[PDB]
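Remarks on the structure that follows.
Every heavy atom of this structure was used, including side-chain atoms; hydrogens, water molecules and symmetry mates were not. In listed order, ligands and their atoms are each counted from 1. Sequence positions, counted from 1, serve as the residue numbers for this chain.
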Amino acid sequence: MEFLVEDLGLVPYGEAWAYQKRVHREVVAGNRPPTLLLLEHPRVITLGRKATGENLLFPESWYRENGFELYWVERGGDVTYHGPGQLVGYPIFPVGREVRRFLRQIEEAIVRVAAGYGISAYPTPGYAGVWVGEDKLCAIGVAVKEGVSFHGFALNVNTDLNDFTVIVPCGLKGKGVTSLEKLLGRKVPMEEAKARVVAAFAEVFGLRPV
Ligand SMILES: CCCCCCCC=O
């Protein structure tokens with residue numbers, strides 16, 4: 001019937017990760033409703049299941065020297081970047097066995113958010129995440145353990161898109177990355193993007209937000 005939204009604001013990746021795991025435990029135990037965490041991270045690169053050292057353009061020592069944190073994680077995908085101005089959403093939801101369906105629902109929610117801004121976005125038949133033309137507006141990479149999801153999505157609102165140039169994803173993809181700011185030619189308030197994401201999730205999943 002319901003999902004809980006928690007706005008964590010700006011939180012370091014490591015502690016936010018530990019929080020994800022604690023939230024996940026409670027949902028698995030049936031002691032917390034499905035939970036959508038909304039937040040930002042300080043500049044961080046994460047390397048998922050498919051990731052290798054060639055997903056990094058520079059040596060990894062360079063990243064830490066230049067203001068990035070770097071972590072190896074168990075989510076789908078290879079490399080991604082999170083940083084200020086990017087709305088990171090961690091839906092920690094009792095999805096069961098239907099992971100592909102859950103991914104499609106996240107995609108749909110993001111497509112709805114973009115539509116609210118007058119932007120035509122699509123999952124694309126062939127590339128993970130949500131795209132506007134040849135550019136990726138939102139990365140998506142989930143993990144599921146004991147039938148409950150963690151990690152999630154990363155919607156570019158006012159992201160510093162220049163920070164993506166130092167990472168080199170592998171596989172089938174479009175040409176670039178984009179943000180609501182870049183597409184609209186002006187910054188979009190983070191509090192507003194959060195509200196619209198909540199509204200979109202409520203609609204797609206058919207749950208009332210608390
Ligand atoms: C929380 C968003 C994670 C997105 C990871 C997708 C990377 C694709 O290869």
Side-chain angles (χ1 to χ4, degrees), residues 6-21 23-24 35-57 68-93 95 99-100 102-111 113-114 121 123-131 134-145 148-157 159 161 163-180 190 193-194 197 200-201:
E6 302 195 0
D7 178 11
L8 310 181
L10 182 66
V11 165
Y13 193 88
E15 289 103 305
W17 179 85
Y19 193 64
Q20 282 203 70
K21 300 252 99 182
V23 168
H24 181 270
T35 295
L36 176 59
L37 304 182
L38 297 174
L39 59 147
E40 295 176 71
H41 293 308
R43 301 162 83 207
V44 60
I45 291 155
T46 63
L47 301 135
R49 308 192 295 252
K50 305 286 196 169
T52 75
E54 79 189 318
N55 292 306
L56 298 178
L57 187 151
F68 294 92
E69 298 175 296
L70 190 139
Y71 296 104
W72 292 83
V73 295
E74 320 217 80
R75 53 140 184 81
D78 53 28
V79 64
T80 202
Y81 160 75
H82 312 294
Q86 195 189 72
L87 177 48
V88 173
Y90 296 140
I92 295 162
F93 279 20
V95 302
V99 187
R100 292 187 218 233
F102 173 62
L103 288 170
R104 288 191 303 262
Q105 290 167 309
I106 296 166
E107 286 170 1
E108 190 177 359
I110 299 301
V111 166
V113 172
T124 82
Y127 319 142
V130 176
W131 300 71
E134 69 207 359
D135 292 332
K136 200 198 283 171
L137 173 63
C138 186
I140 305 171
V142 304
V144 181
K145 160 183 168 145
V148 180
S149 59
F150 59 107
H151 299 286
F153 68 86
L155 170 66
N156 291 317
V157 182
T159 318
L161 297 169
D163 281 337
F164 279 98
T165 315
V166 287
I167 63 175
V168 195
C170 186
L172 306 171
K173 61 176 153 177
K175 304 169 106 179
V177 286
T178 194
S179 63
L180 298 178
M190 183 60 70
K194 286 175 182 164
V197 164
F201 270 74

Atom 6 (C) of ligand 1: nearest protein contact (heavy atom, Å): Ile140 O, 3.5 Å

Tell me which part of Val88 gets within contact of ligand 1: side chain, backbone, both or neither, using heavy atoms under 4.0 Å. neither

Is it the side chain, the backbone, both or neither of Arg75 that has a heavy atom closer than 4.0 Å to ligand 1? side chain

To check your reading of the model: name the closest protein heavy atom to atom 7 (C) of ligand 1, its residue, and the distance in Å. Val79 O, 3.8 Å

For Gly152, the atoms of ligand 1 under 4.0 Å from one of its heavy atoms are 1 (C), 2 (C)

Check ligand 1 against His82 and write out every atom of the ligand that is under 4.0 Å from a heavy-atom position of the residue. 1 (C), 2 (C)

What pair of heavy atoms forms the shortest contact from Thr52 to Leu47, and how long is it? O-CD2, 4.2 Å

Between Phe68 and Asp163, is there a side-chain heavy-atom distance shorter than 4.5 Å? yes

Is any side-chain heavy atom of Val177 closer than 4.5 Å to one of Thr159? no

Rounded to the nearest 0.5 Å, what's the gap from CZ on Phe153 to CG on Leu38? Could you check? 6.0 Å

Atoms in ligand 1 flagged as close to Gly77, the criterion being non-hydrogen separation under 4.0 Å: 8 (C), 9 (O)

Looking at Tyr19 and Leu8, what are the two nearest heavy atoms and their distance? CD2-CD1, 3.7 Å

Between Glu134 and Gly174, is there a donor-acceptor pair closer than 3.5 Å when you use the side chain of the first and the backbone of the second? no

Protein residue, atom and distance nearest to atom 9 (O) of ligand 1, heavy-atom basis: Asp78 N, 3.0 Å

